[PDB]
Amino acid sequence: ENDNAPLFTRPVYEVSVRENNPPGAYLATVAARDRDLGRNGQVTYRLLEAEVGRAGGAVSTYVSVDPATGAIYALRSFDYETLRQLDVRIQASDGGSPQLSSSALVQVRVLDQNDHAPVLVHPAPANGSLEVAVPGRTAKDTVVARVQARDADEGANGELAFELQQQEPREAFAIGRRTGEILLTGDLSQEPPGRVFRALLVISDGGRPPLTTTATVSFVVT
């Protein structure tokens, strides 16, 4: 007779997938055992339907389970900023009369990918350039500007670092690495109102490799 239900080898499986996977990417596999000979022992897997968290959609929109192999594939590329974990409930069910069934839970965890370069929020870039007015009579180490940038990623992938490079004519300004404050280090006395100091603003994140964005800073001396 059909005197054995399908036992999942594990009541809860745990799987990790990195963000921005290819559609159809194999996520994992589940296994239920039916110690019965013949059709009493042929087991079929089904995906149990369920919402995704709070009004995220349907679970069948995100994964699919193979009915014979227990293979669990992804139907779309996962976005970590949009979804970190999803719960997939699978049901193993034999072919006896009446059917015997059991359930298990796959906890799919989404890992972060460095898929965001830092963005310069303020001062806003224009044609890849930046304007900064610096009154001639200013004291040393006074905040001329404040650079604010954002990065959506996690950990070091969102850890930003600011830098000034390729100053001309001379190295008169500096920027705090984590601060984003642009201060006046050099002397600014023997200068005409029109004079300009050009630099390259460099904003990096802590990726490996890092993602970098840049701007063209112009300090005009008023």
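Quick note: we count residues from 1 along the sequence shown, nothing fancier.
>> On mean Cα temperature factor in this entry, is 163 to 171 or 60 to 68 the higher one?
In response: According to the entry, 163 to 171 carries the higher average C-alpha B-factor.
> Looking at the deposited entry, does 187 to 195 or 174 to 182 carry the larger mean Cα B-factor?
Replying inline: Per the PDB record, 187 to 195.
> With respect to the C-alpha temperature factors reported in the PDB entry, which of 126, 75, 120, 88 ranks highest?
Replying inline: Most elevated C-alpha B-factor of the set, per the entry: 126.
> What third of its chain's C-alpha B-factors does residue 43 belong to: lowest, middle or highest?
Replying inline: Middle third, going by the recorded CA B-factors of the chain.
> Based on the entry's values, in what third of the chain does the Cα temperature factor of residue 131 lie: lowest, middle or highest?
Replying inline: For residue 131, the deposited C-alpha B-factor lands in the highest third.
>> Can you tell me whether residue 7 has a C-alpha B-factor in the lowest, middle or highest third compared with the other modelled residues of the same chain?
In response: For residue 7, the deposited C-alpha B-factor lands in the middle third.
> Lowest, middle or highest third: where is residue 114 by C-alpha B factor in its chain?
Replying inline: It belongs to the lowest third of the chain when residues are ordered by C-alpha B-factor.
>> Quick check on the deposited entry: does the C-alpha B-factor of residue 105 sit in the lowest, middle or highest third of its chain?
In response: According to the entry, residue 105 has a C-alpha B-factor in the chain's lowest third.
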